[PDB]
Amino acid sequence: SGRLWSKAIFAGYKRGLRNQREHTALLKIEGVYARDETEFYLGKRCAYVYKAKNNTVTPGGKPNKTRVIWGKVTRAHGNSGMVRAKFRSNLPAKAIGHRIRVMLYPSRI
Amino acid sequence: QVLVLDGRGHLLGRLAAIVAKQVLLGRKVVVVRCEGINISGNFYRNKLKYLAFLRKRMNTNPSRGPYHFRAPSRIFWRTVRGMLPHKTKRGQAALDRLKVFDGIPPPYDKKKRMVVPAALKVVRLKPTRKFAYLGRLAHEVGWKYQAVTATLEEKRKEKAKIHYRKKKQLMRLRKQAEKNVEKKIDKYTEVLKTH
Amino acid sequence: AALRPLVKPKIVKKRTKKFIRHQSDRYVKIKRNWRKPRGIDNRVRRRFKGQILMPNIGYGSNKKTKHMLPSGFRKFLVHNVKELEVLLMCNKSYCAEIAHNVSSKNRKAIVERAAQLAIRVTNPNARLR
Amino acid sequence: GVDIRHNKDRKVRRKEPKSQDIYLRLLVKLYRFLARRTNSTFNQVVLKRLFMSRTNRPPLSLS
Amino acid sequence: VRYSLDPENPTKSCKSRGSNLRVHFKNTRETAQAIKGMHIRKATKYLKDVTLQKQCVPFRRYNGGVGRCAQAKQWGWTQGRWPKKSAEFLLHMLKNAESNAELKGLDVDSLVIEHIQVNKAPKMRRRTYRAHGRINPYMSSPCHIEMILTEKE
Amino acid sequence: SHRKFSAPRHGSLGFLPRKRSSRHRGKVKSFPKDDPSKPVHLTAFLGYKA
RNA sequence: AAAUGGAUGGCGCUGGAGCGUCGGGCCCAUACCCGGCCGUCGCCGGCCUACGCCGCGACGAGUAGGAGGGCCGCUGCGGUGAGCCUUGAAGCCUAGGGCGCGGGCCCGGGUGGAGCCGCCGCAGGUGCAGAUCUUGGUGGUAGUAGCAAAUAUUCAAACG
RNA sequence: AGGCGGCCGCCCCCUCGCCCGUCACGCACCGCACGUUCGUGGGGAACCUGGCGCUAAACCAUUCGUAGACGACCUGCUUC
Ligand SMILES: [Mg+2]
Ligand SMILES: [Mg+2]
Ligand SMILES: [Mg+2]
Ligand SMILES: [Mg+2]
Ligand SMILES: [Mg+2]
Ligand SMILES: [Mg+2]
Ligand SMILES: [Mg+2]
Ligand SMILES: [Mg+2]
Ligand SMILES: [Mg+2]
Ligand SMILES: [Mg+2]
Ligand SMILES: [Mg+2]
Ligand SMILES: [Mg+2]
Ligand SMILES: [Mg+2]
Ligand SMILES: [Mg+2]
Ligand SMILES: [Mg+2]
Ligand SMILES: [Mg+2]
Ligand SMILES: [Mg+2]
Ligand SMILES: [Mg+2]
Ligand SMILES: [Mg+2]
Ligand SMILES: [Mg+2]
Ligand SMILES: [Mg+2]
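Residues numbered from 1 in each chain as written, not as in the entry; some residues may be left out. Chains lettered and ligands numbered in written order. Part of a larger assembly, values for the part shown. Heavy atoms only, no water.

Method of structure determination, per the deposited record: cryo-EM was used for this entry, reaching 3.6 Å resolution.

Pasting the structure below:
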């Protein structure tokens, strides 16, 4: 029991002022508010949990209504502690203002 | 979840910047006591700028056009409207997540109110600069509800005093309990590991 | 899982949109085929951002993965038994595809000869009885 | 771009002979092989003159 | 002949078609949208009320410049009009569909109107006489009508 | 421009939002204020213009 | 001091989100470096469609215009496929599968009923988005304007 | 812009409602993801059952003129 993943709010794509680059996303992760603090999360793996009405899940026992686009942290971003992340597929852009799980695997504890 | 913010002693643009940044991420923030939000500068200048804002109106039809709110909660809500992308369905969802109240509602009388240190008058102003009250501005121009809000505010302040005396009595009782004995075996461990 | 051709890598196409013609949405007299606009005011020719993209040489697919079906073969059209038997030497890279005007009576003989010679055919089970 | 110089991509040359004479193409094949395999600048010049046109190969006279 | 929206089964369904009949296409479409999805006796009483101007027909799509009525509040709409000629023709085709159901041997008291279709017949042309010696067309708009009536259980 | 004969304006902007009123009985927009010094009484009645 | 209400972009900003001097980080363009792929050009290899096959390197924007390639396409002619078919050709439709970067193409499914196509050469009345383009058809307008020059009709019956 | 909390007396039990020590078990599913949560999550259409109750009102039609371009608005209708 108990949550094993750290909370991180999706903030938006990597962008300029005008144009965007949808292959890289930004994460405001809670607790981290510093460039020196966003060092431990380099290499963590992220997961966007969302819902659909067709029966497609992981084969861990039971078929359900939960879909996940996987991905992982690439590097840090800015001085405020925001974190870049490249997922395996690009974001649906509905995920703005929603939470992406950051699970505590392969990093170097 | 919800972020219940006090409005006393905060500056309008600083609090609007912090609220408009924290509402785009999804944290449902509610600014309570909006009549106490201060504005730097002279109060004559602030009501002159608000009178100029009232003077801005469409001449061919004043109804179809600029809607000039006089209530201070709606003043702060227009202030955050001008900072969020409200023409898009990101700032529209952010304005749906944002709630604002003049005076204090009963659930926010119940819950605890936060205070943002970066938006404070004392933090952001040299103490010999002039300031204003948004409730004073709203009563001086349009919003005719200062007396009822002040009466209900004094009523809930009396309620808060009669709750605080009970809470402080319970805290004196629990420190008498901490003054009593047969608890120290765990307390040595807690002092050695940050009491 | 029929014939499993030789080592074919990950096939990428570098875009898969078959680029639309400008203002084909606005007028239905304009077919969806690409046609290079040669106007003096056109945003597509001037290559403004946010407009459609013109097909140029940079979208060229790899020569290793050129004309590649997703099964891993390259298609070759066939009318009859001699043009099916010409695929006898390279049957593990160049698959057969029966022409549309071939009747069912000869089509069953062609697909039986392809099953004998172990030549992949794209449409074996079409126009049967 | 990168190159500030002008772009003269193809220089001048005629590599394949434009004539469809089969015998001339066979001589082109043979003397191309000899020109790249013998280090003979005679074979180089004869291969270039076989690439050369009808007008630019003027008729020699017997005298 | 073929229709649109072929029924569940031809045993429990009758059919009717009128072709090249002098009405307005817009009036017959807007009354067919009110006929559709209704019991046959309710539709017959409704069309008699239309011919007696006691219950109207709401114009929902072809509502350009159509005056209002108080009777359209049954339909949740504001505008209405009372097509006498369209009501007479579609009542005659409802009687024809009733006779076809009687010939096919259906339980004639429990028919609902499942499908109705109205589409533009080739219109016939006459001419006006406008100013400055000009001739302008004066064209009709007849329609083809199909209807399917099905036993409701 | 410069109309050369300035006239007072026709009508009134304060009465300009003209409409068939949804009420037929003229409702009271504002009653007079109260005080504990005055005795108990009513303010408004109904009538019919004979 | 200027005429509709309005512009440091707006919101706001005073221990600055203003001014002047600056420091350390941070954000990105089709700019630069590394790498994958296409094409052009240059230099080249081989006695493996020689008009094919590889090798290395540098560069690719562009109206008017000028060239090259097109296994892009339409029509007909000579050769050519012991070509295709009434066990279904052309044509048309298609929330189907695919290829090419594109000109376009191949197959699946449905109507259709008698002609059609691949390759090498040949010859064009050979490609449409416009020209107040020509002919034909069809919408919004729209069940709208309109059926108002000259005093006027009414009851009953009959054929229906 | 109110619905959970506090007191008295009973109800069927708990003297493990907790911290430290002993013992043995529960799937040990043999390297792997979306697992654990306020969920007897929001609303709509129906299925079988207990208890307690409910028995109407709009719109059209007719009339009305205090209003009406048409809609709309104010109105009457009982068997005294
Ligand atoms: Mg220009
Ligand atoms: Mg122009
Ligand atoms: Mg370059
Ligand atoms: Mg209109
Ligand atoms: Mg009208
Ligand atoms: Mg006329
Ligand atoms: Mg009032
Ligand atoms: Mg300003
Ligand atoms: Mg500065
Ligand atoms: Mg170029
Ligand atoms: Mg062809
Ligand atoms: Mg021509
Ligand atoms: Mg000709
Ligand atoms: Mg045309
Ligand atoms: Mg043109
Ligand atoms: Mg024209
Ligand atoms: Mg027309
Ligand atoms: Mg009119
Ligand atoms: Mg009219
Ligand atoms: Mg009679
Ligand atoms: Mg008679």
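On to the protein's contact with RNA strand H, then. Every one of the 22 residues lining RNA strand H counts as a neighbour, but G2, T58 and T66 of chain A, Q74 of chain E together with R20 of chain F are closest to it. The sugar-phosphate portion of RNA strand H accounts for 55% of its atoms within 4 Å of the protein, the bases making up the rest. One of the side-chain N or O atoms of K73 of chain E is found 3.2 Å from a phosphate oxygen in RNA strand H. In the model, a base oxygen of RNA strand H is placed 2.5 Å from a nitrogen or oxygen of the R20 of chain F side chain. Secondary structure elements with two or more residues in the surface near RNA strand H: β5 (66-77) and β7 (101-103) of chain A. Among the elements that line the surface near RNA strand H, the one with the most residues is β5 of chain A, at three residues. The class makeup of the residues in the surface near RNA strand H is eight nonpolar, seven polar and seven charged. (Near = heavy atom within 4 Å. Polar contact = N/O pair within 3.5 Å; in protein donor to acceptor, adjacent residues only side chain to side chain. Helix = DSSP H or I, 4+ residues; strand = E, 2+ residues; numbered from the N terminus. Nonpolar A, V, L, I, M, F, W, Y, C, P; charged D, E, K, R; others polar.)

All right, on to the environment of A138 of chain B then. Residues and elements named next belong to chain B. Of note, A138 is situated in helix α7 (residues 134-140). A sequence separation of 58 residues divides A138 from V80, and the C-alpha atoms of the two residues are 17 Å apart. Ignoring anything within four residues of it in the chain, the contact list for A138 reads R70, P72 and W143. (Contact = heavy atoms within 4.5 Å.)

Turning to the protein's contact with RNA strand G, a few remarks are in order. Close to RNA strand G lie 101 residues, the nearest being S40 and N59 of chain B, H100 of chain C, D9 of chain D together with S141 of chain E. Atoms of RNA strand G within 4 Å of the protein belong to the sugar or the phosphate in 75% of instances, the rest to bases. Contact distances for RNA strand G include 3.5 Å between a sugar or linking oxygen and a backbone N or O atom of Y59 of chain C. Within the contact set of RNA strand G, a sugar or linking oxygen lies 2.9 Å away from a backbone nitrogen or oxygen of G64 of chain E. For the surface near RNA strand G, the residue count by class is 24 nonpolar, 32 polar and 45 charged.

All names here are of chain E. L47, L90, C143, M147 and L149 are the most contacted members of the largest nonpolar core, which has 32 residues in total. When residues of this core are traced back to their parent elements, those giving at least two are β1 (13-21), α1 (25-35), α2 (40-51), α3 (84-104), β2 (111-120) and β5 (143-151). Broken down by element, this core gets its largest block of residues, seven residues, from α3. Not counting chain neighbours up to four residues away, the residues in contact with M147 comprise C14, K15, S16, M93, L94, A97, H115 and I116. (Core = buried A, V, L, I, M, F, W, Y, C linked by side-chain atoms within 4.5 Å. Buried < 20%, exposed > 50% of the residue type's maximum accessible area, 1.4 Å probe, protein only.)

In this section: the sheet that holds strand β1 (residues 2-5) of chain B. Residue and element names in this part refer to chain B. Taken in spatial order, the three strands line up as β1-β2-β4 in an open sheet, and their pairing is parallel. Because the sheet does not close on itself, it has two edges, and the strands there are β1 and β4 (99-100). Here β1 pairs with strand β2 (residues 28-31) via four bridges, running parallel. Note that in β2 the partner of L3 across the bridge is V29. Its contacts with the sheet put helix α1 (residues 12-23) on β1 and β2, and the angle it makes with β2 is roughly 155 degrees. (Pairing = 2+ DSSP bridges. Axes fitted to C-alpha atoms, helices over the stretch in contact; angles between N-to-C directions.)

Listed as interface residues are six residues of chain A and, on the opposing side, five residues of chain B. The junction of chain A with chain B conceals about 530 Å² of combined surface from both sides, 57% of it contributed by carbon and sulfur atoms. It is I9, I96 and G97 of chain A that lose the most area in chain A upon contact with chain B, and together they represent 59% of the buried surface on that side. Summed over the shared surface of chain A and chain B, the number is zero salt bridges. Scanning the region where chain A abuts chain B turns up one residue pair in polar contact. (Buried area = accessible area lost by both parts, 1.4 Å probe. Salt bridge = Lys/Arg side-chain N within 4 Å of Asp/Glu carboxyl O.)

On to helix α8 (residues 146-179) of chain B. Think of an α-helix as 3.6 residues a turn; residues three or four steps apart then line up on the same face. Residues and elements named next belong to chain B. Taking 1.5 Å per residue, 34 residues should reach 50 Å; α8 reaches 48 Å between its end C-alpha atoms and fits that length. Listed in full, the buried residues belonging to α8 are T149, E153 and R156. Looking at the packing, one finds that the buried side of α8 touches α5 (106-110). (Expected span 1.5 Å × (residues − 1).)

A few words on the packing of aromatic side chains. Residue and element names in this part refer to chain E. Following the criterion strictly, the structure yields 10 aromatic pairs over all chains and no others. Between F25 and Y62, the aromatic rings sit 6.2 Å apart at their centres with planes inclined by 70 degrees, giving edge-to-face as the arrangement. Taken together, the residues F25 in helix α1 and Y62 in the loop between α2 and α3 connect sequence positions 37 residues apart. A relative accessible area of 29% places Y62 in the partly exposed class. (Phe/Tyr/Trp six-rings, centres within 6.5 Å; stacked < 30°, edge-to-face > 60°.)

Let us look at the arrangement of the chains. Separated throughout, chain B and chain F approach each other most closely at a C-alpha pair spaced 11 Å apart. With no contact formed, the shortest span from any C-alpha in chain C to any C-alpha in chain F equals 42 Å.

Looking now at the sheet that holds strand β2 (residues 8-15) of chain A. Residues and elements named next belong to chain A. Reading across from one edge, β1-β7-β4-β5-β6-β3-β2 is the order of the seven strands in this open sheet, with antiparallel pairing throughout. Two strands lie at the open edges of the sheet, namely β1 (5-6) and β2, each paired on one side alone. As paired strands, β1 and β7 are joined by two bridges and run antiparallel to one another. Counted as the bridge partner of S6 is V102 from β7.

The subject of this paragraph is helix α2 (residues 41-51) of chain D. Residue and element names in this part refer to chain D. For α2, every residue scored as buried is listed here: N43, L47, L50 and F51. Down the axis, α2 shows its buried residues gathered within 105 degrees of arc, on one side only. Turned more than 90 degrees away from the buried face of α2 sit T41 and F42, all of them exposed. Its buried side turned inward, α2 meets α1 (22-37). (Arc of directions from axis to C-beta.)

Considering all chains together, one arrives at 14 salt bridges over all chains under this definition. Across the pair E30 of chain A and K7 of chain A runs a salt bridge whose closest N-O atoms are separated by 3.7 Å. Here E30 of chain A, found in the loop between β3 (20-29) and β4 (45-51), pairs with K7 of chain A, found in the loop between β1 and β2; they are 23 residues apart in sequence, far enough to count as distant. Overall, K7 of chain A belongs to the partly exposed group, its relative accessible area being 29%. Note that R17 of chain E is salt-bridged to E146 of chain E, the shortest N-O span being 3.2 Å. One end of the pair, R17 of chain E, is in strand β1; the other, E146 of chain E, is in strand β5, with 129 residues separating them in the sequence. On the basis of relative accessible area, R17 of chain E is assigned to the partly exposed category, the value being 32%. One network of salt bridges, with partners in common, ties together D6, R33, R113 and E153 of chain B.

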